[PDB]
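Colleague: I'm passing along query_34.pdb; it holds PDB, C-alpha atoms (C1' of nucleotides) and all ligand atoms.
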```
ATOM      1  CA  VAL A  13     -25.489 -19.928  15.432  1.00  0.00           C
ATOM      2  CA  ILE A  14     -23.969 -16.660  16.680  1.00  0.00           C
ATOM      3  CA  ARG A  15     -22.113 -13.511  15.523  1.00  0.00           C
ATOM      4  CA  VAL A  16     -18.647 -13.147  17.070  1.00  0.00           C
ATOM      5  CA  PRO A  17     -15.402 -11.707  15.651  1.00  0.00           C
ATOM      6  CA  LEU A  18     -13.431 -14.969  15.376  1.00  0.00           C
ATOM      7  CA  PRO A  19      -9.959 -14.970  13.831  1.00  0.00           C
ATOM      8  CA  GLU A  20     -11.183 -14.004  10.345  1.00  0.00           C
ATOM      9  CA  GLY A  21      -8.768 -12.608   7.799  1.00  0.00           C
ATOM     10  CA  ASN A  22      -5.576 -11.620   9.585  1.00  0.00           C
ATOM     11  CA  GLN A  23      -6.711 -10.985  13.150  1.00  0.00           C
ATOM     12  CA  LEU A  24      -4.844 -11.643  16.385  1.00  0.00           C
ATOM     13  CA  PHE A  25      -5.891 -12.208  19.990  1.00  0.00           C
ATOM     14  CA  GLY A  26      -4.712  -9.762  22.619  1.00  0.00           C
ATOM     15  CA  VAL A  27      -4.231 -10.164  26.372  1.00  0.00           C
ATOM     16  CA  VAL A  28      -2.014  -7.453  27.797  1.00  0.00           C
ATOM     17  CA  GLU A  29       0.505  -7.720  30.627  1.00  0.00           C
ATOM     18  CA  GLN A  30       0.646  -4.022  31.566  1.00  0.00           C
ATOM     19  CA  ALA A  31      -0.249  -0.792  29.752  1.00  0.00           C
ATOM     20  CA  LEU A  32       2.679   1.567  29.376  1.00  0.00           C
ATOM     21  CA  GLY A  33       0.046   4.157  28.476  1.00  0.00           C
ATOM     22  CA  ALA A  34      -0.657   6.874  25.897  1.00  0.00           C
ATOM     23  CA  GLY A  35      -2.493   4.397  23.640  1.00  0.00           C
ATOM     24  CA  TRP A  36       0.226   1.744  23.413  1.00  0.00           C
ATOM     25  CA  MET A  37      -1.082  -1.591  24.733  1.00  0.00           C
ATOM     26  CA  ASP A  38       1.491  -4.237  25.681  1.00  0.00           C
ATOM     27  CA  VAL A  39       0.158  -7.731  24.913  1.00  0.00           C
ATOM     28  CA  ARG A  40       1.500 -11.204  25.754  1.00  0.00           C
ATOM     29  CA  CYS A  41       0.335 -13.006  22.639  1.00  0.00           C
ATOM     30  CA  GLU A  42       1.103 -16.576  21.894  1.00  0.00           C
ATOM     31  CA  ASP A  43       2.592 -15.481  18.552  1.00  0.00           C
ATOM     32  CA  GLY A  44       6.011 -15.375  20.193  1.00  0.00           C
ATOM     33  CA  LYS A  45       6.832 -11.693  20.393  1.00  0.00           C
ATOM     34  CA  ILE A  46       6.046  -8.740  22.647  1.00  0.00           C
ATOM     35  CA  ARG A  47       3.432  -6.718  20.760  1.00  0.00           C
ATOM     36  CA  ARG A  48       2.251  -3.106  21.122  1.00  0.00           C
ATOM     37  CA  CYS A  49      -1.175  -1.947  19.916  1.00  0.00           C
ATOM     38  CA  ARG A  50      -2.983   1.329  19.158  1.00  0.00           C
ATOM     39  CA  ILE A  51      -6.656   2.334  18.964  1.00  0.00           C
ATOM     40  CA  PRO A  52      -8.796   3.533  16.002  1.00  0.00           C
ATOM     41  CA  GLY A  53     -11.103   6.545  16.153  1.00  0.00           C
ATOM     42  CA  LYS A  54     -14.372   4.865  17.086  1.00  0.00           C
ATOM     43  CA  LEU A  55     -13.805   2.890  20.302  1.00  0.00           C
ATOM     44  CA  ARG A  56     -12.207   5.479  22.613  1.00  0.00           C
ATOM     45  CA  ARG A  57     -15.724   6.372  23.836  1.00  0.00           C
ATOM     46  CA  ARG A  58     -17.997   3.500  24.898  1.00  0.00           C
ATOM     47  CA  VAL A  59     -15.682   0.814  26.315  1.00  0.00           C
ATOM     48  CA  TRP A  60     -12.935   0.029  28.846  1.00  0.00           C
ATOM     49  CA  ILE A  61      -9.734  -2.006  28.387  1.00  0.00           C
ATOM     50  CA  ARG A  62      -7.693  -3.237  31.386  1.00  0.00           C
ATOM     51  CA  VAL A  63      -5.148  -5.959  32.224  1.00  0.00           C
ATOM     52  CA  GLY A  64      -6.788  -9.290  32.856  1.00  0.00           C
ATOM     53  CA  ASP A  65      -9.032  -8.650  29.809  1.00  0.00           C
ATOM     54  CA  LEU A  66      -8.996 -10.683  26.606  1.00  0.00           C
ATOM     55  CA  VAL A  67      -9.785  -8.923  23.331  1.00  0.00           C
ATOM     56  CA  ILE A  68      -9.318  -9.452  19.625  1.00  0.00           C
ATOM     57  CA  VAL A  69      -6.810  -7.192  17.906  1.00  0.00           C
ATOM     58  CA  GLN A  70      -5.716  -6.720  14.310  1.00  0.00           C
ATOM     59  CA  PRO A  71      -2.076  -6.263  13.255  1.00  0.00           C
ATOM     60  CA  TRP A  72      -0.300  -4.795  10.227  1.00  0.00           C
ATOM     61  CA  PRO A  73       2.216  -7.132   8.546  1.00  0.00           C
ATOM     62  CA  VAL A  74       5.291  -5.115   9.599  1.00  0.00           C
ATOM     63  CA  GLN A  75       8.046  -6.975  11.456  1.00  0.00           C
ATOM     64  CA  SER A  76       5.717  -9.549  13.087  1.00  0.00           C
ATOM     65  CA  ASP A  77       7.177  -8.429  16.446  1.00  0.00           C
ATOM     66  CA  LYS A  78       5.272  -5.416  17.873  1.00  0.00           C
ATOM     67  CA  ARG A  79       1.854  -5.092  16.198  1.00  0.00           C
ATOM     68  CA  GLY A  80      -1.869  -5.014  16.960  1.00  0.00           C
ATOM     69  CA  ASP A  81      -4.936  -2.754  16.643  1.00  0.00           C
ATOM     70  CA  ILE A  82      -8.058  -2.889  18.814  1.00  0.00           C
ATOM     71  CA  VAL A  83     -11.134  -3.691  16.725  1.00  0.00           C
ATOM     72  CA  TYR A  84     -13.323  -5.414  19.318  1.00  0.00           C
ATOM     73  CA  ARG A  85     -13.282  -5.966  23.069  1.00  0.00           C
ATOM     74  CA  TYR A  86     -14.715  -9.082  24.734  1.00  0.00           C
ATOM     75  CA  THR A  87     -17.517  -9.063  27.308  1.00  0.00           C
ATOM     76  CA  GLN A  88     -17.990 -11.079  30.495  1.00  0.00           C
ATOM     77  CA  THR A  89     -20.516 -12.998  28.349  1.00  0.00           C
ATOM     78  CA  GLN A  90     -18.106 -14.379  25.717  1.00  0.00           C
ATOM     79  CA  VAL A  91     -14.607 -14.343  27.284  1.00  0.00           C
ATOM     80  CA  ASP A  92     -15.158 -17.759  28.896  1.00  0.00           C
ATOM     81  CA  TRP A  93     -17.702 -18.787  26.267  1.00  0.00           C
ATOM     82  CA  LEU A  94     -14.725 -18.962  23.890  1.00  0.00           C
ATOM     83  CA  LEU A  95     -13.291 -21.647  26.226  1.00  0.00           C
ATOM     84  CA  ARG A  96     -15.385 -24.836  25.892  1.00  0.00           C
ATOM     85  CA  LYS A  97     -15.049 -24.680  22.104  1.00  0.00           C
ATOM     86  CA  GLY A  98     -11.289 -24.576  22.621  1.00  0.00           C
ATOM     87  CA  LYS A  99     -10.616 -21.732  20.204  1.00  0.00           C
ATOM     88  CA  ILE A 100      -8.340 -20.594  23.042  1.00  0.00           C
ATOM     89  CA  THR A 101      -7.233 -22.596  26.074  1.00  0.00           C
ATOM     90  CA  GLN A 102      -6.597 -20.591  29.224  1.00  0.00           C
ATOM     91  CA  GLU A 103      -3.247 -22.221  29.998  1.00  0.00           C
ATOM     92  CA  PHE A 104      -1.636 -19.246  28.189  1.00  0.00           C
ATOM     93  CA  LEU A 105      -2.984 -16.583  30.567  1.00  0.00           C
ATOM     94  CA  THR A 106      -1.466 -17.651  33.927  1.00  0.00           C
ATOM     95  CA  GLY A 107       1.168 -20.194  32.876  1.00  0.00           C
TER      96      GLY A 107
ATOM     97  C1'   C B   1      84.920  26.380  -9.916  1.00  0.00           C
ATOM     98  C1'   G B   2      84.344  30.441  -6.849  1.00  0.00           C
ATOM     99  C1'   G B   3      81.479  35.279  -4.798  1.00  0.00           C
ATOM    100  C1'   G B   4      76.776  37.773  -3.991  1.00  0.00           C
ATOM    101  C1'   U B   5      71.617  38.041  -4.674  1.00  0.00           C
ATOM    102  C1'   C B   6      66.040  36.482  -5.975  1.00  0.00           C
ATOM    103  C1'   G B   7      63.437  32.330  -4.683  1.00  0.00           C
ATOM    104  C1'   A B   8      58.509  28.132  -5.446  1.00  0.00           C
ATOM    105  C1'   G B   9      58.874  23.324  -3.087  1.00  0.00           C
ATOM    106  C1'   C B  10      60.142  19.953   1.127  1.00  0.00           C
ATOM    107  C1'   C B  11      61.112  18.651   6.564  1.00  0.00           C
ATOM    108  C1'   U B  12      61.101  19.336  11.947  1.00  0.00           C
ATOM    109  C1'   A B  13      59.109  21.788  16.546  1.00  0.00           C
ATOM    110  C1'   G B  14      55.765  25.302  18.464  1.00  0.00           C
ATOM    111  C1'   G B  15      51.137  28.631  18.653  1.00  0.00           C
ATOM    112  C1'   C B  16      45.250  29.125  16.736  1.00  0.00           C
ATOM    113  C1'   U B  17      41.075  27.224  13.860  1.00  0.00           C
ATOM    114  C1'   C B  18      37.523  23.917  10.759  1.00  0.00           C
ATOM    115  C1'   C B  19      34.920  18.933   9.942  1.00  0.00           C
ATOM    116  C1'   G B  20      32.743  13.280  10.139  1.00  0.00           C
ATOM    117  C1'   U B  21      32.351   9.655  14.421  1.00  0.00           C
ATOM    118  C1'   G B  22      31.164  10.080  20.814  1.00  0.00           C
ATOM    119  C1'   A B  23      31.337   6.561  26.157  1.00  0.00           C
ATOM    120  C1'   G B  24      28.633   9.582  29.931  1.00  0.00           C
ATOM    121  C1'   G B  25      25.448  13.826  30.950  1.00  0.00           C
ATOM    122  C1'   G B  26      21.249  18.091  30.498  1.00  0.00           C
ATOM    123  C1'   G B  27      17.310  20.615  29.528  1.00  0.00           C
ATOM    124  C1'   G B  28      13.501  21.705  24.970  1.00  0.00           C
ATOM    125  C1'   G B  29       8.886  20.404  21.648  1.00  0.00           C
ATOM    126  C1'   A B  30       4.922  17.592  19.925  1.00  0.00           C
ATOM    127  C1'   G B  31       1.931  12.250  21.906  1.00  0.00           C
ATOM    128  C1'   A B  32      -2.099  11.909  25.605  1.00  0.00           C
ATOM    129  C1'   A B  33      -7.655   4.971  27.931  1.00  0.00           C
ATOM    130  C1'   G B  34      -0.036   5.320  32.319  1.00  0.00           C
ATOM    131  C1'   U B  35       0.949   7.397  37.807  1.00  0.00           C
ATOM    132  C1'   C B  36       0.870  11.074  42.377  1.00  0.00           C
ATOM    133  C1'   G B  37      -1.318  15.222  44.283  1.00  0.00           C
ATOM    134  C1'   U B  38      -4.769  20.018  43.793  1.00  0.00           C
ATOM    135  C1'   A B  39      -0.999  24.999  42.888  1.00  0.00           C
ATOM    136  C1'   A B  40      -4.163  29.218  39.995  1.00  0.00           C
ATOM    137  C1'   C B  41      -9.040  31.345  38.481  1.00  0.00           C
ATOM    138  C1'   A B  42     -15.301  33.131  43.249  1.00  0.00           C
ATOM    139  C1'   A B  43     -12.925  35.670  49.809  1.00  0.00           C
ATOM    140  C1'   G B  44     -10.766  29.065  44.535  1.00  0.00           C
ATOM    141  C1'   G B  45     -11.938  27.452  50.735  1.00  0.00           C
ATOM    142  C1'   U B  46      -4.427  30.261  53.917  1.00  0.00           C
ATOM    143  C1'   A B  47      -6.267  36.958  49.015  1.00  0.00           C
ATOM    144  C1'   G B  48      -3.021  36.857  44.723  1.00  0.00           C
ATOM    145  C1'   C B  49       1.673  38.761  42.557  1.00  0.00           C
ATOM    146  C1'   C B  50       7.088  41.262  42.471  1.00  0.00           C
ATOM    147  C1'   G B  51      12.590  41.437  44.816  1.00  0.00           C
ATOM    148  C1'   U B  52      16.125  38.498  48.067  1.00  0.00           C
ATOM    149  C1'   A B  53      17.270  34.371  51.053  1.00  0.00           C
ATOM    150  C1'   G B  54      16.313  29.120  53.356  1.00  0.00           C
ATOM    151  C1'   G B  55      13.320  24.616  52.755  1.00  0.00           C
ATOM    152  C1'   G B  56      10.507  20.354  50.142  1.00  0.00           C
ATOM    153  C1'   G B  57       8.337  13.569  45.924  1.00  0.00           C
ATOM    154  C1'   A B  58       5.967  17.549  42.599  1.00  0.00           C
ATOM    155  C1'   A B  59       2.826  21.268  41.782  1.00  0.00           C
ATOM    156  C1'   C B  60       4.758  24.527  46.151  1.00  0.00           C
ATOM    157  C1'   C B  61       5.722  26.332  51.998  1.00  0.00           C
ATOM    158  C1'   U B  62       7.914  30.207  55.309  1.00  0.00           C
ATOM    159  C1'   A B  63      10.635  35.163  56.776  1.00  0.00           C
ATOM    160  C1'   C B  64      11.567  40.795  55.822  1.00  0.00           C
ATOM    161  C1'   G B  65      10.176  45.140  52.746  1.00  0.00           C
ATOM    162  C1'   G B  66       6.693  46.735  48.497  1.00  0.00           C
ATOM    163  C1'   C B  67       2.182  46.897  44.919  1.00  0.00           C
ATOM    164  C1'   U B  68      -3.672  46.394  43.711  1.00  0.00           C
ATOM    165  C1'   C B  69      -3.762  43.880  38.410  1.00  0.00           C
ATOM    166  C1'   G B  70      -7.889  42.195  46.009  1.00  0.00           C
ATOM    167  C1'   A B  71     -13.703  40.094  48.190  1.00  0.00           C
ATOM    168  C1'   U B  72     -17.226  41.323  52.765  1.00  0.00           C
ATOM    169  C1'   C B  73     -19.061  44.230  56.974  1.00  0.00           C
ATOM    170  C1'   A B  74     -18.681  48.289  60.730  1.00  0.00           C
ATOM    171  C1'   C B  75     -16.563  53.089  62.037  1.00  0.00           C
ATOM    172  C1'   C B  76     -14.053  57.029  60.458  1.00  0.00           C
ATOM    173  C1'   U B  77     -11.674  60.612  56.923  1.00  0.00           C
ATOM    174  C1'   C B  78     -11.761  63.474  52.056  1.00  0.00           C
ATOM    175  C1'   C B  79     -14.723  65.284  48.227  1.00  0.00           C
ATOM    176  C1'   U B  80     -18.621  66.046  44.441  1.00  0.00           C
TER     177        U B  80
HETATM  178 MG    MG A 201      -6.621  25.409  44.545  1.00  0.00          MG
HETATM  179 MG    MG A 202      -5.406  30.114  47.973  1.00  0.00          MG
HETATM  180 MG    MG A 203       7.483  52.465  46.285  1.00  0.00          MG
END
```
Spit out the file's structure as structure tokens when you get a sec.
Modeller:
Amino acid sequence: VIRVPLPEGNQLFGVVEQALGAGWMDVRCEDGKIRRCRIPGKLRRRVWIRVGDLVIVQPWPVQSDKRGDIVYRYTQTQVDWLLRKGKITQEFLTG
RNA sequence: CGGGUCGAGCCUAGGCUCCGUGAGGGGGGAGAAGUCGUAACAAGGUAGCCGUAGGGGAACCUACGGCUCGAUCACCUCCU
């Protein structure tokens, strides 16, 4: 079929509202809480993360409130390709 | 029982000091995929810096008197 990072293991999905900066990414997840993410040492070179962008993140189990870690960003090729299959519906990005 | 005298302890009021919490405030140090400019370094595009005073979102701008730890050309002056 295809190779995409689905929710496999303990991943999350991350769509930020506004970046406070300095690494911390502020995401409006549908988990319920306001979450704040940080970046590992491999992806601060080739890519670009902005508000209006959907990515997959990975949390740590602490406090289930403010978690997340960037492990993969989504391209203009797959962001809306993950729509018809309904793995995410876009009613949680503007309303 | 009376007389004198040594006395720790206790109370009240006044002068100083120590310590755990502290509404509100102020700078300091690490973090650098947040923001606004370009002040320094070449004559860094207005030469840079010291003292004192006024001004400005912020680096900073201006006035008077000093220094060279200032670049280029032309003419002098003083030497080797
Ligand atoms: Mg400058
Ligand atoms: Mg200048
Ligand atoms: Mg003098």
Colleague: Mind telling me what the PyMOL selection byres ((chain B) within 8 of (chain A and not hetatm)) catches here, as a count of residues only?
Modeller: 4
Colleague: Determine the nearest neighbour of residue 39 (chain A) from the options A:77, A:103, A:92, A:20, counting all atoms listed in the file.
Modeller: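 Closest residue, counting all atoms listed in the file: A:77.
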Colleague: Given the file shown, enumerate the residues that the PyMOL selection byres (((chain A and resi 88-91) around 9) and not hetatm) captures and present them as a PyMOL selection string.
Modeller: chain A and resi 16+65-67+86-87+92-95
Colleague: Give me the result of the PyMOL selection byres (((chain A and resi 69) around 10) and not hetatm) on this file, residue by residue, as number ranges by chain.
Modeller: A: 17, 19, 22-27, 39, 49-51, 66-68, 70-71, 79-85
Colleague: Generate the output file for the selected residues, C-alpha atoms, as a CSV table (one decimal), in the frame of the given file.
Modeller:
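Result file follows (part-v4.csv):
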```csv
chain,number,residue,atom,x,y,z
A,17,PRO,CA,-15.4,-11.7,15.7
A,19,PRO,CA,-10.0,-15.0,13.8
A,22,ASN,CA,-5.6,-11.6,9.6
A,23,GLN,CA,-6.7,-11.0,13.2
A,24,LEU,CA,-4.8,-11.6,16.4
A,25,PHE,CA,-5.9,-12.2,20.0
A,26,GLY,CA,-4.7,-9.8,22.6
A,27,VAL,CA,-4.2,-10.2,26.4
A,39,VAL,CA,0.2,-7.7,24.9
A,49,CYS,CA,-1.2,-1.9,19.9
A,50,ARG,CA,-3.0,1.3,19.2
A,51,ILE,CA,-6.7,2.3,19.0
A,66,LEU,CA,-9.0,-10.7,26.6
A,67,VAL,CA,-9.8,-8.9,23.3
A,68,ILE,CA,-9.3,-9.5,19.6
A,70,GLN,CA,-5.7,-6.7,14.3
A,71,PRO,CA,-2.1,-6.3,13.3
A,79,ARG,CA,1.9,-5.1,16.2
A,80,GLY,CA,-1.9,-5.0,17.0
A,81,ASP,CA,-4.9,-2.8,16.6
A,82,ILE,CA,-8.1,-2.9,18.8
A,83,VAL,CA,-11.1,-3.7,16.7
A,84,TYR,CA,-13.3,-5.4,19.3
A,85,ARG,CA,-13.3,-6.0,23.1
```
Colleague: Expressed in Å to a single decimal, how great is the separation between CA of residue 64 (chain A) and CA of residue 101 (chain A)?
Modeller: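 If I compute the distance from CA of residue 64 (chain A) to CA of residue 101 (chain A), I get 14.9 Å.
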Colleague: With distances taken over all atoms listed in the file, which residue among B:39, B:1, B:30, B:23 lies nearest ligand MG 201 (chain A)?
Modeller: B:39
Colleague: Name the residues, by chain letter and number, that sit within 8 Å of ligand MG 201 (chain A) using only C-alpha atoms (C1' of nucleotides) and all ligand atoms, and give them as a list in words.
Modeller: residues 38, 39, 40 and 44 of chain B
Colleague: If the limit is 8 Å from any atom of ligand MG 202 (chain A), counting all atoms listed in the file, which residues qualify? Return them as a PDB file with C-alpha atoms (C1' of nucleotides), in the frame of the given file.
Modeller:
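Here's the written file part_19.pdb:
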```pdb
ATOM      1  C1'   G B  44     -10.766  29.065  44.535  1.00  0.00           C
ATOM      2  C1'   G B  45     -11.938  27.452  50.735  1.00  0.00           C
ATOM      3  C1'   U B  46      -4.427  30.261  53.917  1.00  0.00           C
ATOM      4  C1'   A B  47      -6.267  36.958  49.015  1.00  0.00           C
ATOM      5  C1'   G B  48      -3.021  36.857  44.723  1.00  0.00           C
TER       6        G B  48
END
```
Colleague: In Å, how far is it from CA of residue 44 (chain A) to CA of residue 75 (chain A)?
Modeller: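 Value for the CA of residue 44 (chain A)-CA of residue 75 (chain A) distance: 12.3 Å.
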Colleague: Can you work out which residues are within 12 Å of ligand MG 203 (chain A), considering all atoms listed in the file, and then hand them over as a PyMOL selection string?
Modeller: chain B and resi 50+65-67
Colleague: Using all atoms listed in the file, can you tell me which of A:41, A:55, A:63, A:74 comes closest to residue 104 (chain A)?
Modeller: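 Ranked by minimum distance to residue 104 (chain A), first place goes to A:41.
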Colleague: Record the distance separating CA of residue 99 (chain A) and CA of residue 42 (chain A), expressed in Å with one decimal.
Modeller: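 One can read the CA of residue 99 (chain A) to CA of residue 42 (chain A) distance as 12.9 Å.
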Colleague: Using all atoms listed in the file, pick whichever of A:21, A:78, A:15, A:96 has the shortest atom-to-atom distance to residue 38 (chain A).
Modeller: A:78
